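Next up: just one chain, as structure tokens, the form deposited in one PDB entry.
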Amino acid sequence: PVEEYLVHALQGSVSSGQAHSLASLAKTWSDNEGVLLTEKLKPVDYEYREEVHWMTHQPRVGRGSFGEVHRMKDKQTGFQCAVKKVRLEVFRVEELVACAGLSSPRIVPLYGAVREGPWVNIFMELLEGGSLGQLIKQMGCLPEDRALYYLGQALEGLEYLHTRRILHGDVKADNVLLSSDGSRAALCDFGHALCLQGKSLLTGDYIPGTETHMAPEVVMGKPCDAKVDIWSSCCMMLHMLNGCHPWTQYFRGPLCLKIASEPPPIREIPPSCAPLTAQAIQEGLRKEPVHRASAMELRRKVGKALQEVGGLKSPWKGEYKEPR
């Protein structure tokens, strides 16, 4: 009966501990209590409380889709990190399971999680390059070598998650974080993650991902599996190359109905892209998932595509390129 007793020992306290203890505790969330995974963040007398033990950086800047991610500092240690707020009432444990104990360089490092009142505060390493989405806004669009470089890295993270039977569920540039120099990319924002065998995504309370990157099986209410992440990642590739999401420049009225009815958006592949770049995007945008490339398959092909155009040579932030 021991799992029960391990969980009760964690409840009512913030402790220094390991990812597996955190995941056990967070399942009861899905008053001050949590597990912190690094000695950079430390509890003080069984507690870790906002504005008492850790402080958000002033003035409060606000990042993420809901401005729910902030820079913060542990008052005792002085170490800085990022914190994501999730409302307790809609917290999904899968978000932690996707990044807890997952020592992979393409997954944002998790430093811990603490429940305080109506919040779940999720602590993680601070990546200073900004998001891939922000990078696209600033540059207009990315050159092909850089676009192949970051898609590869994203697919390395999806390989990792898929091998663990975890599906990201919202793969897009806004959820890829860059290192301070731009050379390392990491998946974040696992709030739509799902633990797998495949079956329909559209049942009960499920909150789905971003409409423009939705795979047709998601939209039609069909059996979904890891392959939905591949579709989205190729929609992300189109976003990088063109500087706008797929589907938006040909349709405006509800985009989910076009994804069901129309052929995939392979016409949005730029003419100037090299053959294998085009080939790879086509293999990730096959409508039926059985015919669509896995993460492993597509990552190998995106790797070769990049080699075929001379490797990564463009600077991280070059000159502006107007979106088509």
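In this text, rigid core is short for the largest set of C-alphas that superpose within 1.5 Å between two forms. One rule holds for the numbers: they count along the sequence shown, beginning at 1.
A second form of this protein, the form deposited in another entry, is not displayed here; the remarks below concern that form.
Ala100 shows a C-alpha shift of 2 Å or greater between the shown form and the other one [criterion: core-superposed Cα displacement of 2 Å]. When two forms of a protein are overlaid on their rigid core, residues whose CA moves 2 Å or more are considered shifted, and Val52 is not one of them between the shown form and the other one. Superposition on the rigid core between the shown form and the other one places the CA atom of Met296 less than 2 Å from its counterpart. The pair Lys317 and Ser65 is at least 3 angstroms farther apart at the CA level in the other form than in the present model. Contraction of the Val61-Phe123 CA spacing by 3 Å or more is recorded in the other form, set against this form.
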